[PDB]
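Per-entry structural report
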4 protein chains.
Amino acid sequence: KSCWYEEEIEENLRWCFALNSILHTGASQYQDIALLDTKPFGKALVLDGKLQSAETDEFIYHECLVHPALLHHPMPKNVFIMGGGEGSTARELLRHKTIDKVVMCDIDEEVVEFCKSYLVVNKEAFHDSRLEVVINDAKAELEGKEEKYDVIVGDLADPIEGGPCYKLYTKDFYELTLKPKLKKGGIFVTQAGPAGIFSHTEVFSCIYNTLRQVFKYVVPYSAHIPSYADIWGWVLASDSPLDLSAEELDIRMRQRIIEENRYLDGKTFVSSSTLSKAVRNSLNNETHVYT
Amino acid sequence: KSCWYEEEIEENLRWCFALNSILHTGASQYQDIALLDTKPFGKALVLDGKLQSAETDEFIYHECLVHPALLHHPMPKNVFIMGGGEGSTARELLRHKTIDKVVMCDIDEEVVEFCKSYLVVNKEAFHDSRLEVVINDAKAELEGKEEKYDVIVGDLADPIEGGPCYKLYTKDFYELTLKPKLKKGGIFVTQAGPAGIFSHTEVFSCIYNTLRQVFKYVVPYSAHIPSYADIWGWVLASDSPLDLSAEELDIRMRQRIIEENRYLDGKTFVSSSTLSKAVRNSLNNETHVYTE
Amino acid sequence: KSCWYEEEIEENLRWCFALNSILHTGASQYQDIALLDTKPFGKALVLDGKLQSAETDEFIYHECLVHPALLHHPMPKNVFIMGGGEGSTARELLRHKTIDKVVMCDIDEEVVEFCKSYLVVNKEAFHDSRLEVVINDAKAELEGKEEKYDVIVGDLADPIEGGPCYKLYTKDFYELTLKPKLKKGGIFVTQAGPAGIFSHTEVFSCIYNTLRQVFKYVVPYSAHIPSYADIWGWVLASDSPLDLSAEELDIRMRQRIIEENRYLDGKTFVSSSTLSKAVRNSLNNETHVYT
Amino acid sequence: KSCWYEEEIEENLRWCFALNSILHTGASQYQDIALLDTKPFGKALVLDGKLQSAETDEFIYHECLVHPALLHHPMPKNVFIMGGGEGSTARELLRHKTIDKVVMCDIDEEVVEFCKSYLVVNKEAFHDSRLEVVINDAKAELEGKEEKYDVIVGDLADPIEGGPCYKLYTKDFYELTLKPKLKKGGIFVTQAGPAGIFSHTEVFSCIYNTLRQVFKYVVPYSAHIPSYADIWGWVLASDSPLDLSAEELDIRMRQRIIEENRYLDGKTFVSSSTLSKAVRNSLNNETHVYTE
Ligand SMILES: NCCCCNCCCNCCCN
Ligand SMILES: NCCCCNCCCNCCCN
Ligand SMILES: NCCCCNCCCNCCCN
Ligand SMILES: NCCCCNCCCNCCCN
Ligand SMILES: [Cl-]
Ligand SMILES: [Cl-]
Ligand SMILES: [Cl-]
Ligand SMILES: [Cl-]
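Rules used in this analysis
For each chain, positions are counted from 1 along the sequence as written; this may not be the entry's numbering. Residues without coordinates are not shown. Going through the entries in the order they are written, you letter the chains from A and number the ligands from 1. No hydrogens and no water enter the side-chain calculation; it runs on all heavy atoms of the structure. UniProt positions are given in the numbering used here, feature names are shortened, and annotations may be inferred rather than shown by experiment. Each residue is tested against the molecule or strand, and it is near if at least one of its non-hydrogen atoms lies within 4 Å. For the area figures, the Shrake-Rupley method with a 1.4 Å probe applies, and any residue is considered shielded solely by the protein chains shown. In this classification, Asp, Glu, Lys and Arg are treated as charged, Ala, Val, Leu, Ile, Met, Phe, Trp, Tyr, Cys and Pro as nonpolar, and every other residue, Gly included, as polar. All domain edges in this entry derive from an automatic or database-based domain assignment. Numbering of helices and strands starts at the N terminus; helices are DSSP runs of H or I of at least 4 residues and strands are runs of E of at least 2. Only residues above 30% relative accessible area that lack a salt bridge enter a patch, with like-charged residues linked at up to 9 Å and the nonpolar side chains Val, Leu, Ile, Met, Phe, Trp and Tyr linked at up to 5 Å. Here, a salt bridge means any side-chain nitrogen of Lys or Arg that lies within 4 Å of a carboxyl oxygen of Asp or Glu. None of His or the chain ends enter the tally, which takes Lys and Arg as positive and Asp and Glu as negative. Charge positions are represented by NZ for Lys, CZ for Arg, CG for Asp and CD for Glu. When checking whether two residues touch, look at their non-hydrogen atoms; a contact exists if any pair is within 4.5 Å. Summed over both partners, the accessible area (1.4 Å probe) lost when two parts come together is defined as the buried area. Any pair of N or O atoms that falls within 3.5 Å is considered a polar contact. Within protein, one atom must be able to donate a hydrogen and the other to accept it, and sequence-neighbouring residues count only if both atoms are side-chain atoms. Buried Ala, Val, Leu, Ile, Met, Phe, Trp, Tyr and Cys residues that are joined via side-chain atoms within 4.5 Å together make up what is termed a nonpolar core. Partly exposed residues are those whose accessible area sits between 20% and 50% of the maximum for their type, while under 20% is buried and over 50% is exposed, using a 1.4 Å probe and protein chains only.

Per the PDB entry, chain B carries the name Thermospermine synthase and comes from Medicago truncatula. This deposition appears in the PDB under the title "Crystal structure of Medicago truncatula Thermospermine Synthase (MtTSPS) in complex with thermospermine". Its UniProt record, at the heading Sequence similarities (unreviewed entry), says of chain B: "Belongs to the spermidine/spermine synthase family." UniProt, in its Catalytic activity (unreviewed entry) section for chain B, records the words "S-adenosyl 3-(methylsulfanyl)propylamine + spermidine = thermospermine + S-methyl-5'-thioadenosine + H(+)".

For chain A, the PDB entry supplies the name Thermospermine synthase and the organism Medicago truncatula. Its UniProt record, at the heading Sequence similarities (unreviewed entry), says of chain A: "Belongs to the spermidine/spermine synthase family." Per UniProt, the comment on chain A under Catalytic activity (unreviewed entry) is "S-adenosyl 3-(methylsulfanyl)propylamine + spermidine = thermospermine + S-methyl-5'-thioadenosine + H(+)".

Put into C-alpha cells, the structure is as follows:
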C-alpha cells in the first residue's frame, strides 16, 4: 500500500495503481517518458503523465487495433502505421503471413528508442526485416511518398487532447490525403478513444461520423482494456464491404496469423462490433464532423 | 477539486470520484451505509465502503440483472428477489406488465428503509401494491414456504467463504433449496461479480461452474459499468432453453415492458452473452464449485 | 476510509484528512469557502482549497497569536486586527479584562458572515459590544483614520502567496503606516507563516528580518499546530523591551485574562520563543527585507 | 507529479511525499524494508510501510535521541543500544570522544545489513572499531551478561500490547533487567513516540509515567521532525540528577563531541524539555504503567 501512480483520467475521476518501482525514465523534446513497474498491470509506459499501455493488457488493445482490418482484407501485403512507437502495433501486424512491409511513422524518435530498449515483448518485431521506422509527422510522410498501402492503421493520440494529432482525424485529411494512399480494396482502421456508455461522445462518436462522410463502409467496435479504466474504441473503414462471419474470421486467423491470438477470435470480434443500444443510437445521431 | 471518495477496487488499485457532498452516513450491525453526491456519477450508495449503485449508471446493472431473465420466460408472474434492498431491482421487475407479485427478501431492514426514503428513483416501486418486502435470510424464507416462483433473482454481495451470502451460491443451495421453488419454465438469474478479462476468475467463473452442475442451460453474460471500473457479470440458469434471438427479445420488450429500456435491446443482450475468447475458455475449464 | 480532503501543502507534499461531511459551502467574489467536518481535526474552514483553521487546534494558533503581545503590554485597551475574519482572534483578545475596543478589519465580508453563522465557538465574541467589524483593506483603513492602538495584530495570509497581503509585510508599510498608528509603548504582533526547521526560510525569516529593520525589539516564536502539518510562527515587535519571565507571564494571565488558557502558560511562551539552533542561526543570517 | 509515497499516520490522516524512485524493496520475517528516493525528504527508509528515517531530517531524531543523555553523563564510555539497526544512533554516539564501546543490539539482521550497505551516511560508523553489532533480543542480551553501561539507548518501535518490543517498555523490564545493567551515574534514554498536543497520549505519557515508577529523575522532551508530521518525544531517566543549563551543555558539546551538531545546542535542549501547559499536565496526571 505504500507507493502509487495516480492519473486523473478525467477532471473528476482518478485512477491509481500501486507501484513496485520506477524502472526507467527519459524525455524527448516532445514529452516526459516513464516505465513504471505496477502491481496491478505490470510494466506501464507513461507519456507526460498519461498511461499509454500496460504489460498485462496491451495485447487486447493491439490485437483489436490490428487484426480485424487485416483479416477483412483478401491479401494485405503492406501497411502504414500513423504513430505506434511502442513496437506493439508493428508486432501484431508482423504476425500476419501475407505482410511483407510495415512502416511505423511516429514523430518522437526517443520514445521509439526507449521502447526498443525497454519493451522486451517487441524485440523480435523491432528486428524484423519487414519493418521500417520513419521519424516524421504522418501527414507529411503520407503526402511526400507515392507508395500506396493495403491497410493504414491510425495509432495516434486522441484528437481533442491537443493539436498535432487532431489534423489526422479530419474529413479533409481522410478524403484528400489518406484515401489516395490506400490501394484499391484498402482498409483503414483507427483507434477512436474511449467508447464507454457516456465517454464515447468525447471523440469515438465524432471519429465514427467523420469516417462515415468519407468511406462507403464503416464498422465501429470496442473492447474493455482494464488498465485504461474504460471501454476503448476503434473504427474500420473501407470502400469495400466489411462483412465476415465469426467462422470465416476464425478460419482466416488460422490460415494467416502466426501462433494463437490471446484475446480475439471471430465471436469476440462479432461481440466487439455489436455496440449497446445507447451507443448505437448516439453514433446514429452524431452530427459533429472534424472539419 | 479537494474532496474525493476513494475505493480500493483491489488492494493495489484505487478508483476515486470527486465529491460534492456526503448526503448521509450511518450503520446497522451488518454494515455501514453512506449516500454520496459525486461529481462523475451522481448520487452513490456505498455499503461498508463498497460502492453499490451510482445514479448515472445503475440502470445498466439493474436492466442487465432483470430483463434477460424475464424476457426469456414465456409469462413471468411471480418473482422472488434474494437481497436487492435498494429498490432498483424491484423497480425494473415492476416495469413488466406480466408481473403480479414481487417479493424482496433482504436481511438488512435498515438498508431497505434507507433506500425507500433516499432513493427517490424507486419511490413508485416501493409503493407498488405488487411488492412485498420480507426481512429474512433468503434460504430460510424460501425453505419455510411452499410458494414457487417464475423467476428468482440473486442480488446479493459476491460470495466470500465465511460471509452470510456465501451459502446462497452453493451447489446444494441451488439444488435442494432454490430449484424446488422454481415453477415449470422457471429461470434463475444472479449477479456474478466482476467479469473482466482477468477479474472474472475471482467469482464469475465459479458461479458459472456451480450453476452448470445444477441446471441444464446456463448463460453467462456481462457488461461494463463505468462506476464499477470493470465489466460486471450475471448468469442465467434454467432447465428450459434460453435461446432467443435479438429480434424476439425486442418484440418481447415492446410487448411486455413499460417504457423503453435505456441500456438493453436484443442486440445488446446477444453481445453481452458472447464472452471473449479467453473468458469463454476460462469458464469452460473452471472446476471450482461452491459447496454446502 | 472512504472520503478525503486533500491539500498540497507544498508542491511535493500532500496532507489528507478523512471526512465526515461537507457542512457548508459559500463563495465571495474573492474566494471559495467551505466548512468540512473532518475526522482528525473536527470542523475545518477551507478558503480556496487551503485550510485556515481546524476546530481541534485553532486555540493553539489564536492563543499564540494574541496573548503574548497583550501580556507584554502594561495596559492594552484598544487593538486593531489586520485580517482575522473567523472571529477567533477577536475572541481571544476579548478575554482580556483591560480591552475596551477591538477592530477586525478584513476585506471579505462573506467570509466574516460565513464564520459568524457557522463558527459556533465565536458567537459570544461576534456579539461583544467592544468589537467593531470593518470591511476594508487594512492598509487603507489604518491610513484613513487617526485612532492609534495599543496593540496591532497581523492575522493576514502569508506574504509570498499572492499580492494583496504582501504589501502588509513590507519595511515601508511597517515604518510609515503601521508605527504611526501604534501608541507610545505599543506592541505589534504578526503571524509569520511556517516556522519548521526548513520551512521557516520561505517567509518567517524574512518577516523577522524585515521587522528588525523597523522596531527596536523583535521576538520570534513558534509552536506546532497539528492540522497545519508544521510548526507555525509569529513575531512580536515593539520599541519597548519584550522581556517577562514565565512567572510574571503567569501572574499576568491570572490577573488579566478571563478563564484559563488551554495552550499557553508562561513556561510555554518561554519555550516557544526559544528557537532551535538552526532556526536561530538562519534568522541571524537572513538578509532579505520585504521592500 | 504522478508518483507518491503514502503513509497513514492515523487511520484518518494521510501524509504523502512525491517520489523520484523506489531504490529497493524487500523483507525479513519480521518486516518489509524499502528505501525510497522522495522529493521533499530525500532518501527514506520505510519498515512495514512506516517511515523510519528520512535523509533530510533524521539528524534531528538521532541528535535528540543521543546527545542529551551522553552530555548529562560525567564521562560516558560504554553504551548499549536496544534496536537502532540503521546505524544513525551509533553514528551520533561515536561522535563522542569519551566513548570506547558501543553495542548495537537489534533483532533483525536483515535491517542492519541493508542499512550497512545502503545508508552511506553511516558507513564510517559501521566500520568504527568501537562498534559491536549483536543480533538478539535486547532483554535476553542484557540479562545474559553482567556487563554494565554508562548509557543505554532505547531505539525501538513504539510499544504495542502484544508486539515484540513491548516488553522493553515495562516497569519490570526497567527495574529488574535494565537498571541492574546501568553503571553508577548511568542514564537511560528511550524514544517515546509521538509527542503532539493530542498525539502524546498514545505512548509518550505512558512511557514517561512508567519510567517515573522506576527512576528518580525523569526528563521528557520533544522536537518536531518534519518527515514524521508530528512532534516526536524522548525520555531521559537516571538515579542521578539531570539538570544542566544550556551553557553547560554547550561547553560539554564543544569539549566532547566531534564537529558541530546540526540541530541541538543547549538552548534547544532546554526548549525541548519545557513541554507545553497541556502536555505537562497530561504527563503529570498519567496513571498508565506498562506491565510485565
Ligand atoms: N490512461 C487512459 C487510457 C488512455 C489509452 N490511450 C490509448 C490510445 C493509444 N495511442 C497511442 C499513441 C502512440 N503514438
Ligand atoms: N467493487 C466495486 C463495484 C461493486 C459493485 N457491486 C455490484 C453487485 C451489487 N450487489 C449488492 C446487492 C445488495 N446487497
Ligand atoms: N494548511 C497549511 C496551514 C496554513 C495555516 N495558515 C495560518 C495563517 C492564518 N491566517 C488567516 C488569515 C485570515 N485573514
Ligand atoms: N509514524 C511516522 C513516523 C514514525 C517514526 N518513528 C520514529 C521511531 C523510530 N524507531 C524505530 C527503531 C528501529 N526499529
Ligand atoms: Cl508500433
Ligand atoms: Cl430491489
Ligand atoms: Cl477575528
Ligand atoms: Cl544504530
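Further notes follow.
All names here are of chain B. In the vicinity of ligand 2, the contacting residues are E7, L51, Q52, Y61, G84, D155, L156, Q191, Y228 and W232. For ligand 2, the accessible surface in isolation is 440 Å², of which the surrounding protein chains cover 86%. The residue inventory of the shell around ligand 2, partitioned by class, reads five nonpolar, three polar and two charged. In this structure, the shell around ligand 2 is formed jointly by two domains, domain 1 (1-53) and domain 2 (54-292), each of which donates at least three residues.

All names here are of chain D. Residue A229 is not a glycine yet carries a positive backbone phi of 50 degrees. Examined against the element boundaries, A229 turns out to sit in the loop between β11 (217-225) and β12 (230-238). If you check the backbone angles, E259 has positive phi at about 65 degrees while not being a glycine. Within the secondary structure, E259 is located in the loop between α8 (246-256) and α9 (266-272).

A word on a negative patch on the surface. A contiguous patch of negative charge on the surface is contributed by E8, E10, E11 and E202 of chain B together with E8, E10, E11 and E202 of chain D. Contributions of two or more residues to the negative patch are made by β1 (3-10) of chain B together with β1 (3-10) of chain D. Considering the arrangement of structural elements, one finds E10 of chain D in strand β1.

Residue and element names in this part refer to chain A. Entries for chain A in the domain assignment read domain 1 (1-53) and domain 2 (54-291). Distance from the C-alpha centre of domain 1 to the C-alpha centre of domain 2: 24 Å. Counting residues at the interface gives 24 residues for domain 1, matched by 19 residues for domain 2. Overall, the association of domain 1 and domain 2 removes approximately 1,800 Å² of surface from exposure, summing both partners, and the carbon and sulfur fraction of that is 66%. At the junction of domain 1 and domain 2, the tally comes to zero salt bridges. Remark: the boundary between domain 1 and domain 2 carries eight residue pairs in polar contact. Sorting elements by how many residues they give to the side of domain 1 that touches domain 2 places strand β2 (residues 13-27) first, with six residues. Its residues assigned to classes, the side of domain 1 that touches domain 2 comprises 14 nonpolar, eight polar and two charged.

Another point: the nonpolar core. The nonpolar side chains of a soluble globular protein tend to be buried, and buried together. Counting residues in each nonpolar core, the largest one holds 372 residues, and the members touching the most others are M82 of chain A, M82 of chain B, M82 of chain C together with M82 of chain D. When near neighbours in sequence (up to four residues on either side) are disregarded, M82 of chain D contacts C105, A138, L142, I152, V153, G154, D155, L156, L168, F173, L178 and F188 of chain D.

All names here are of chain B. UniProt tags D155 as "active site" (unreviewed entry). With respect to the helices and strands, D155 occurs in strand β9 (residues 149-155). Among all residues touching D155, those that are not within four sequence positions of it are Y61, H62, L65, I81, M82, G83, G84 and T89.

We now examine the UniProt feature "binding site: adenosine" (unreviewed entry) in chain A. All names here are of chain A. Residues annotated in UniProt with the feature "binding site: adenosine" (unreviewed entry) correspond here to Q31, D106, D137, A138, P164 and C165. One can find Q31 in the loop between β2 and β3 (32-38). In contact with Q31, other than residues within four places in its own chain, are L47, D48, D108 and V111. As for its position among the elements, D137 is in the loop between β8 (131-135) and α5 (138-144). Look past the residues within four positions of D137 in its chain and what remains in contact with it is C105, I107 and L168. Polar side-chain contacts of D137 include one of 3.1 Å to the backbone nitrogen of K139.

A common way to express how large an interface is: the accessible area buried when the components associate. Contacts between the two partners involve 39 residues from chain A, matched on the other side by 40 residues from chain B. Counting the surface lost from both chain A and chain B, the interface buries some 3,200 Å², and carbon and sulfur atoms represent 61% of this. Considering only the side of chain A, the residues that lose the most area to chain B are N12, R14 and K277 of chain A, jointly responsible for 21% of the buried surface there. One can count four salt bridges joining chain A with chain B. Between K277 of chain A and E260 of chain B there is a salt bridge, and its shortest N-O distance comes to 2.8 Å. In this structure, the connection of chain A to chain B is made through 17 residue pairs in polar contact. Secondary-structure elements contributing two or more residues to the side of chain A that touches chain B are β1 (3-10), β2, α1 (58-71), β12 (230-238), α9 (266-272) and α10 (277-285) of chain A.

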